[PDB]
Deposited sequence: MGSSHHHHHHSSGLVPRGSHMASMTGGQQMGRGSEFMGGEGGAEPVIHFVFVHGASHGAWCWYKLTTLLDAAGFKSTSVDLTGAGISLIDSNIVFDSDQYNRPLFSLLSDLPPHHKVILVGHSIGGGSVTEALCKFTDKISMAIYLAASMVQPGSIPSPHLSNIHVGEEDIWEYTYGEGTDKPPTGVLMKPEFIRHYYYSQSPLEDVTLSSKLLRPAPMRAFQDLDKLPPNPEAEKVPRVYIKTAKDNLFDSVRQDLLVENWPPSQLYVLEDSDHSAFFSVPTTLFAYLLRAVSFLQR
């Protein structure tokens, strides 16, 4: 049985994958959606999450607890791509494929509201997109109800933790694991040029393009996204 592990992006949570994993369940796949520390329904305030290793703990903890022979397919969205690659490097033997959905894919070896949990003279501890802008940047092609939903679940993102993502030494063993990049074509937040550049600097085994997706493929085009995942899996 093939096991997906989904890693959300900044300010989001496991909740954002609800349409997608429901399909995969029905297709006989197992999916696990994590809440990174300070995200989703995590009891920890993201404003006290200053570390990459602390942010990724629920994901790393999950990969550690896998039985000796079990492997998973990692799927990351946006900044979640950083966590996927980091997890790709620490648990390489347990990853069969890494998928980057409009995500930060960086080879190992390479408007906003702010929260000042340590006072204003210190750099900000949390960042959150202002409510009046979330539709255009995150959900520009998504059903309106998903915007309502997101507006009640989005949490500030731990800025301090993001500064340490993807500062990794070259990893020849992780290079052997097949990667898949899925590009979002109508993404107002992660520009097409910036996505093409990630692909060019570290070409993946497969590349898909969601012609109609905004930043949030899991809301705007879940069935199409679903199809591409099964197709990437047929590859093995």
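Unmodelled regions of the deposited sequence, numbered from residue 1: 1-45, 156-170, 297-298.
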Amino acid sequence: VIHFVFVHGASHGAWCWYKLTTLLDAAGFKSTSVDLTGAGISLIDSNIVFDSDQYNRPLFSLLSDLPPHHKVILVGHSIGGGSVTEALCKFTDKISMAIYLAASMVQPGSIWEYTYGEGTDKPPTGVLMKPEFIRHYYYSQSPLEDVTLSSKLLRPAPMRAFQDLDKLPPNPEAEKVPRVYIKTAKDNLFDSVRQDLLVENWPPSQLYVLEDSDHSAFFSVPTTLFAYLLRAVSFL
From here on, numbers count along this sequence of modelled residues.
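In this entry, 131-139 shows the higher mean Cα temperature factor of the pair 131-139 and 77-85. Looking at mean Cα B-factors across 60-68 and 178-186, the upper value is held by 60-68. Highest C-alpha temperature factor among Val147, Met97, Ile111, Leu154 per the entry: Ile111.
Within the listed group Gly38, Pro204, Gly28, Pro169, the record reports its top CA B-factor for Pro169. In the deposited entry, the Cα temperature factor of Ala102 places it in the lowest third of its chain's modelled residues. In the deposited entry, the Cα temperature factor of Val34 places it in the lowest third of its chain's modelled residues. Per-chain ranking of the deposited C-alpha B factor places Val209 in the lowest third. Compared with the other modelled residues of the chain, the Cα B-factor recorded for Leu230 ranks in the middle third. Among the modelled residues of its chain, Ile2 has a C-alpha B-factor that falls in the middle third according to the deposited record.
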